[PDB]
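1. 3D model of this:
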Amino acid sequence: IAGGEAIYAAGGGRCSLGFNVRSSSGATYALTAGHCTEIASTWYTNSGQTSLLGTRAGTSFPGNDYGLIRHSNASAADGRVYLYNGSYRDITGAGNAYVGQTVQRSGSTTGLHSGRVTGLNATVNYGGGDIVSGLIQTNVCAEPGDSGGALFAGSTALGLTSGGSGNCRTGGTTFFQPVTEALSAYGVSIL
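-> Numbers count the residues shown, from 1 in each chain. Structure data below:
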């Protein structure tokens, strides 16, 4: 499974995989949104929930928005992002974002969209105390289901879709969790 592809929670809920990562010991995981991993411990790669992805290994949500899923099969840990046209992009490292940067977002609801970083230090309020801060603001649209997907530029991983406003029909604004903070938190590296 590659970055951008759908992940399904046991008993309902869909998100997108961000990036596949590995610990210094060679254990592999999938990064996604923390608001996603908070809903279930077991994840699947198909809607019918018969192909197991793995089980939740960590969650950092409200505050940040990142989470980790341990792969049940190391071979499913594809170090690429799916481009939705039958092609894949190999991700070679992680980097920082900057205002004016041109970016691409891969998600399971709306496919691949591009845009620009328009702001930093952004905050989103999901209600019920769910405030996420330190986010990258962009003009890339996204829809529910895209959450946890990959934000990248070229071969460089940048962030994970948290959420935003608008849709891909009218345009919107999306907020992303910088990936490097996540890699740091878990001592993981891009595959």
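2. Quick check: which element contains residue 70?
-> If you go by DSSP states H and E, residue 70 is part of strand 66-71.
3. For that strand, list the C-alpha coordinates in PDB.
-> Extracted in PDB, the C-alpha atoms of strand 66-71 (Å, rounded to 0.1, in the frame of the first residue of the first chain):
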ATOM      1  CA  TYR A  66      -0.400  12.300  13.600                       C
ATOM      2  CA  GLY A  67      -0.700   8.600  14.300                       C
ATOM      3  CA  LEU A  68       1.100   5.300  13.700                       C
ATOM      4  CA  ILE A  69      -0.100   1.900  12.500                       C
ATOM      5  CA  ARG A  70       2.300  -1.100  12.800                       C
ATOM      6  CA  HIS A  71       2.300  -3.100   9.500                       C
END
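4. Could you name the helices and strands sitting against the lengthiest strand in the chain?
-> If you go by DSSP state E, the chain has its longest strand at strand 111-125. The contact analysis (3 or more C-beta pairs under 8 Å, 6 or more residues apart in numbering; DSSP states H and E) places strand 111-125 against strand 102-107, strand 131-138, strand 156-167, strand 171-178. Every residue, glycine included, has its C-beta placed from N, CA and C.
5. will you turn those strands into a markdown table that also has mean neighbour count?
-> A markdown table is the format used below for those (neighbours: other C-beta atoms under 10 Å):
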| stretch | mean neighbour count |
| --- | --- |
| strand 102-107 | 24 |
| strand 131-138 | 21 |
| strand 156-167 | 23 |
| strand 171-178 | 23 |
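6. Nearest to residue 118, out of those strands?
-> Set against residue 118 and scored by C-beta to C-beta, these come closest in strand 131-138, at 5.4 Å.
7. can you state the direction angle for that closest one and strand 102-107?
-> Strand 131-138 runs at 120 degrees relative to strand 102-107, counting by axes from the mean of the first three to the mean of the last three C-alpha atoms, to 10 degrees.
8. for the nearest residue to residue 105 once chain neighbours are set aside, helix, strand, or coil?
-> Leaving aside its chain neighbours, residue 105 sits nearest to residue 140 (4.5 Å; criterion: C-beta to C-beta, 6 or more residues apart in numbering). When classified by DSSP: H, G, I helix; E, B strand; the rest coil, residue 140 comes out as coil.
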